[PDB]
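In what follows, a structure is listed as C-alpha cells, so that the remarks can point back to it.
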Amino acid sequence: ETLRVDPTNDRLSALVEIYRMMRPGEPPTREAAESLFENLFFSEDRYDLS
Amino acid sequence: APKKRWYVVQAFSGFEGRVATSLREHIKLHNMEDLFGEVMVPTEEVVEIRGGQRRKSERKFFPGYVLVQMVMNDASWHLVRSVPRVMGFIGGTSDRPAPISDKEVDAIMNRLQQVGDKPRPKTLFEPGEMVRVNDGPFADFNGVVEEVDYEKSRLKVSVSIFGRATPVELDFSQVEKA
Amino acid sequence: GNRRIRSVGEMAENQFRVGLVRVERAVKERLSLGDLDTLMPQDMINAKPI
DNA sequence: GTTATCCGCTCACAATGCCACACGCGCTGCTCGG
DNA sequence: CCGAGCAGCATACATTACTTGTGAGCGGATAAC
C-alpha cells in the first residue's frame, strides 16, 4: 500500500523529496539533497546515538 | 553571451565588509573567480573636521546589503549562500533570484563615482535656522544662517552686532547645533 | 526501563559540548580566513562563549 | 467536466486563584573618545 | 590603543524538543447532471 501511495520512483527523486520536505523553497541539486540527507544521519557530528 | 548580472545579498548589522572578504575567500576556495567576478559594498564620507567627531566619518549607501556580480547556477547559488554570515538573497521568490536591473546598476555606479571623486562635507545647514557660535572672537553668540555656502564653506550668518542684524562669514568650524 | 536519570555531570558536559561547537565554528572560520602559520593557538578561540 | 460535497490537514486558541520568596534583566564588534 | 557608547543582529545557526484538547478555515478526493 505504501509503495502504491509512494509518489517517487528513483533514489534521486527520494533525495529531492526529502530535501523539499526538510525546508521548502530551495534549489534541489544532487549534492545539496545528498549532503542534507547524509547530515540528517550518518554523521558523527550532526548526530549521535549515545 | 550571458553577462554576469549583478545581485544583492542581505548581510547582518555591521558585517558587510567582513562578509565580502569572506566571500572573496570562498571564491579563492572554489576558484570561481569567473562567476563571482565583482563584489562591492559602497560607502560615503562626511568630513566635519571640528566639533567632536574629528576629520571624517564613514556612511553607507544602504546598510545590511552587499552587492555581487555572480551568475545564475544552483552551484553558484549555494556558493553565495554557503558563506559565514548571510541571510538569503534579495530579489524574486526565494530559490529563484532576480537581478538588480542594469538601469539601477549604472545609477549606483554613478553614485559610487561621485562619492569616490569628491570627498565632501555633509551634515549641512539650511537657510533660515538659528544656531549658536563656537568661535573665539564671537563666543556664545547666536544668529540665523542668512545664506549658506559649500565650496567657500563659511556660513553667511546674520547676528546682532551693534544693534541691528549684520551678516558675518563665520566658518563651519565656528557653527554650533543645526 | 525507558526513563533514565540524567545527573549533573551529564547535563554539564552536554551544555559544555553545546557551548563548544559554536566556538568550533568560530575557530574554523577564523582558521579559514586567518593566516596558516603565523598564529599561536590562544586567540583564534575565545573563552567568552564557553 | 464541472459543480457542488465532504473529509483529512494545519493552525489559532484556552490552561484556578492568591500569597510569598528568589534570581536575572544584551551585546558586541563597530562607533565615539581621548 | 584600547576604553566607553550603539544598532540593529533568531547569534548565522539548525536553533530545534510527544501527543493537550477543540474549533475552524482550507485543499484534495467524490457524487451527480
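In the C-alpha cells, chains take the letters A, B, ... in the order shown, each chain's residues start at 1, and ligands count up from 1 in the order shown.
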
Out of chain B, which residues get strand (DSSP E) from DSSP, as a VMD selection string?
chain B and resid 7 to 10 39 to 40 44 to 45 58 to 59 65 to 68 130 to 132 142 to 147 156 to 160 165 to 169

Go ahead and write the residues just picked, N, CA and C atoms, as a short mmCIF file (atom, residue, chain, number, x, y, z; two decimals), in the first residue's frame.
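Wrote out-v2.cif, looks like this:
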```
data_model
loop_
_atom_site.label_atom_id
_atom_site.label_comp_id
_atom_site.auth_asym_id
_atom_site.auth_seq_id
_atom_site.Cartn_x
_atom_site.Cartn_y
_atom_site.Cartn_z
N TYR B 7 23.79 41.16 -8.44
CA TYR B 7 22.82 40.68 -7.46
C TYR B 7 23.17 41.27 -6.10
N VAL B 8 22.29 41.04 -5.14
CA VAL B 8 22.43 41.61 -3.80
C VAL B 8 22.10 40.55 -2.77
N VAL B 9 22.80 40.58 -1.65
CA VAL B 9 22.62 39.64 -0.56
C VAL B 9 22.47 40.41 0.74
N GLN B 10 21.55 39.96 1.59
CA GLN B 10 21.28 40.62 2.86
C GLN B 10 22.27 40.12 3.90
N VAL B 39 32.39 42.03 -6.46
CA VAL B 39 31.61 42.12 -5.23
C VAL B 39 31.92 43.47 -4.58
N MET B 40 30.88 44.24 -4.28
CA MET B 40 31.07 45.63 -3.90
C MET B 40 30.18 46.01 -2.73
N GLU B 44 30.27 56.21 1.88
CA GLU B 44 30.41 57.65 1.73
C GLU B 44 31.26 58.17 2.88
N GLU B 45 31.68 59.43 2.76
CA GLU B 45 32.49 60.07 3.79
C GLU B 45 32.00 61.49 3.99
N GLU B 58 32.36 57.72 8.16
CA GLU B 58 32.03 56.82 7.07
C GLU B 58 30.57 56.40 7.16
N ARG B 59 29.84 56.58 6.06
CA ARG B 59 28.45 56.15 5.90
C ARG B 59 28.37 55.06 4.83
N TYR B 65 23.17 45.33 3.20
CA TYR B 65 23.20 44.67 1.91
C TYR B 65 24.60 44.68 1.33
N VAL B 66 24.89 43.67 0.52
CA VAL B 66 26.15 43.58 -0.21
C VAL B 66 25.83 43.28 -1.67
N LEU B 67 26.66 43.81 -2.56
CA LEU B 67 26.45 43.70 -3.99
C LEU B 67 27.50 42.80 -4.60
N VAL B 68 27.07 41.92 -5.51
CA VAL B 68 27.94 40.97 -6.18
C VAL B 68 27.64 40.99 -7.67
N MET B 130 18.23 79.07 13.34
CA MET B 130 19.07 79.68 14.36
C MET B 130 20.16 78.71 14.79
N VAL B 131 21.26 79.27 15.28
CA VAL B 131 22.43 78.47 15.61
C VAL B 131 23.36 79.30 16.48
N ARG B 132 23.99 78.64 17.45
CA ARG B 132 24.99 79.27 18.29
C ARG B 132 26.32 79.37 17.56
N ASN B 142 24.63 83.88 18.92
CA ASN B 142 23.66 83.03 18.23
C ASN B 142 22.93 83.86 17.19
N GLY B 143 22.86 83.33 15.97
CA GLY B 143 22.26 84.04 14.87
C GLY B 143 21.61 83.08 13.90
N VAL B 144 21.04 83.63 12.84
CA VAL B 144 20.31 82.86 11.85
C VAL B 144 21.15 82.80 10.58
N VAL B 145 21.22 81.61 9.98
CA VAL B 145 22.04 81.43 8.79
C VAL B 145 21.39 82.16 7.62
N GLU B 146 21.93 83.32 7.28
CA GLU B 146 21.27 84.17 6.28
C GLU B 146 21.50 83.65 4.87
N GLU B 147 22.59 82.91 4.65
CA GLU B 147 22.90 82.34 3.35
C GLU B 147 23.99 81.30 3.54
N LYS B 156 27.47 82.39 5.66
CA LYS B 156 26.95 83.75 5.83
C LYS B 156 25.81 83.74 6.85
N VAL B 157 26.04 84.36 8.00
CA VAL B 157 25.14 84.24 9.15
C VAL B 157 24.83 85.63 9.68
N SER B 158 23.55 85.96 9.77
CA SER B 158 23.15 87.21 10.38
C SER B 158 23.07 87.06 11.89
N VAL B 159 23.51 88.10 12.60
CA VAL B 159 23.56 88.08 14.05
C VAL B 159 23.57 89.52 14.54
N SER B 160 23.13 89.73 15.78
CA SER B 160 23.02 91.07 16.36
C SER B 160 24.41 91.58 16.71
N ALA B 165 20.81 93.70 12.87
CA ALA B 165 21.41 92.46 12.39
C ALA B 165 22.48 92.76 11.36
N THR B 166 23.53 91.94 11.36
CA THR B 166 24.64 92.08 10.43
C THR B 166 25.00 90.70 9.90
N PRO B 167 25.38 90.60 8.63
CA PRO B 167 25.87 89.32 8.10
C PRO B 167 27.36 89.15 8.33
N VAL B 168 27.74 87.92 8.68
CA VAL B 168 29.10 87.56 9.02
C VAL B 168 29.47 86.32 8.21
N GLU B 169 30.77 86.03 8.16
CA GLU B 169 31.27 84.89 7.40
C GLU B 169 31.88 83.84 8.32
#
```

Got a sec: who's within 6 Å of region 21-29 of chain C, counting only C-alpha atoms (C1' of nucleotides), leaving out chain neighbours fewer than 2 positions off, as a count of residues only?
6

Hey, list the chain A side of the contact with chain E: 12 Å cut-off, only C-alpha atoms (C1' of nucleotides), answer as an NGL selection string.
:A and (22-23 or 36 or 39-40 or 46)

Saved selection, atoms kept: C-alpha atoms, as a short mmCIF file (atom, residue, chain, number, x, y, z; two decimals), in the first residue's frame:
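Output file out.cif follows:
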```cif
data_model
loop_
_atom_site.label_atom_id
_atom_site.label_comp_id
_atom_site.auth_asym_id
_atom_site.auth_seq_id
_atom_site.Cartn_x
_atom_site.Cartn_y
_atom_site.Cartn_z
CA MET A 22 13.08 19.41 5.22
CA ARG A 23 12.94 23.08 4.23
CA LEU A 36 21.42 17.14 3.56
CA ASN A 39 23.88 15.10 7.56
CA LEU A 40 20.44 14.15 8.91
CA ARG A 46 25.40 16.25 13.38
#
```

Test item: residues at most 8 Å from residue 26 (chain B), only C-alpha atoms (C1' of nucleotides), excluding those fewer than 4 positions along its chain, as a compact mmCIF listing (two decimals) with N, CA, C and O atoms, in the first residue's frame:
```txt
# COMPACT_ATOMS: atom_id res chain seq x y z
N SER B 22 35.14 37.46 3.34
CA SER B 22 34.96 36.02 3.42
C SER B 22 34.39 35.45 2.13
O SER B 22 34.67 34.30 1.78
N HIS B 30 36.71 27.92 -3.99
CA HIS B 30 36.11 27.20 -5.09
C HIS B 30 36.61 27.65 -6.45
O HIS B 30 36.11 27.16 -7.47
N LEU B 79 27.11 28.55 -3.34
CA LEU B 79 28.41 29.13 -3.05
C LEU B 79 28.28 30.55 -2.52
O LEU B 79 29.04 30.97 -1.64
N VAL B 83 28.37 30.85 2.88
CA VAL B 83 29.42 31.74 3.38
C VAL B 83 29.11 31.99 4.85
O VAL B 83 28.01 31.63 5.29
```

Coordinates-based distance that separates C1' of residue 4 (chain E) from CA of residue 135 (chain B) (Å, one decimal)
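Calculated distance between CA of residue 135 (chain B) and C1' of residue 4 (chain E) is 28.6 Å.
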
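Every chain B residue lying within 12 Å of chain D, based on only C-alpha atoms (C1' of nucleotides), is listed here: residues 13, 14, 15, 16, 17, 18, 52, 53, 54, 57, 58 and 59 of chain B.
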
File dump, residues just selected, N, CA and C atoms, as a PDB file, in the first residue's frame:
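Okay, this is what ended up in selection.pdb:
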```
ATOM      1  N   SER B  13      23.969  43.230  10.674  1.00  0.00           N
ATOM      2  CA  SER B  13      24.029  44.650  11.005  1.00  0.00           C
ATOM      3  C   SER B  13      25.291  45.306  10.455  1.00  0.00           C
ATOM      4  N   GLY B  14      26.458  44.866  10.919  1.00  0.00           N
ATOM      5  CA  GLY B  14      27.689  45.547  10.570  1.00  0.00           C
ATOM      6  C   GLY B  14      28.812  44.647  10.100  1.00  0.00           C
ATOM      7  N   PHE B  15      28.473  43.584   9.375  1.00  0.00           N
ATOM      8  CA  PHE B  15      29.452  42.609   8.915  1.00  0.00           C
ATOM      9  C   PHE B  15      29.644  42.642   7.407  1.00  0.00           C
ATOM     10  N   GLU B  16      29.120  43.667   6.736  1.00  0.00           N
ATOM     11  CA  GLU B  16      29.094  43.684   5.278  1.00  0.00           C
ATOM     12  C   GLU B  16      30.494  43.566   4.689  1.00  0.00           C
ATOM     13  N   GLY B  17      31.421  44.411   5.138  1.00  0.00           N
ATOM     14  CA  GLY B  17      32.781  44.327   4.630  1.00  0.00           C
ATOM     15  C   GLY B  17      33.431  42.994   4.942  1.00  0.00           C
ATOM     16  N   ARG B  18      33.248  42.510   6.170  1.00  0.00           N
ATOM     17  CA  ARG B  18      33.789  41.207   6.532  1.00  0.00           C
ATOM     18  C   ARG B  18      33.136  40.102   5.717  1.00  0.00           C
ATOM     19  N   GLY B  52      33.783  67.765  18.056  1.00  0.00           N
ATOM     20  CA  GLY B  52      33.597  66.395  18.490  1.00  0.00           C
ATOM     21  C   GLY B  52      34.146  65.392  17.498  1.00  0.00           C
ATOM     22  N   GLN B  53      33.263  64.804  16.693  1.00  0.00           N
ATOM     23  CA  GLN B  53      33.688  63.907  15.627  1.00  0.00           C
ATOM     24  C   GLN B  53      34.687  64.612  14.718  1.00  0.00           C
ATOM     25  N   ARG B  54      35.855  64.006  14.547  1.00  0.00           N
ATOM     26  CA  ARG B  54      37.012  64.703  14.003  1.00  0.00           C
ATOM     27  C   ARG B  54      37.377  64.159  12.627  1.00  0.00           C
ATOM     28  N   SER B  57      34.030  60.800   8.723  1.00  0.00           N
ATOM     29  CA  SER B  57      33.053  59.821   9.179  1.00  0.00           C
ATOM     30  C   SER B  57      32.589  59.021   7.970  1.00  0.00           C
ATOM     31  N   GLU B  58      32.363  57.724   8.162  1.00  0.00           N
ATOM     32  CA  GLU B  58      32.026  56.822   7.069  1.00  0.00           C
ATOM     33  C   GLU B  58      30.567  56.397   7.156  1.00  0.00           C
ATOM     34  N   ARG B  59      29.840  56.576   6.058  1.00  0.00           N
ATOM     35  CA  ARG B  59      28.454  56.152   5.899  1.00  0.00           C
ATOM     36  C   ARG B  59      28.375  55.064   4.834  1.00  0.00           C
TER      37      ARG B  59
END
```
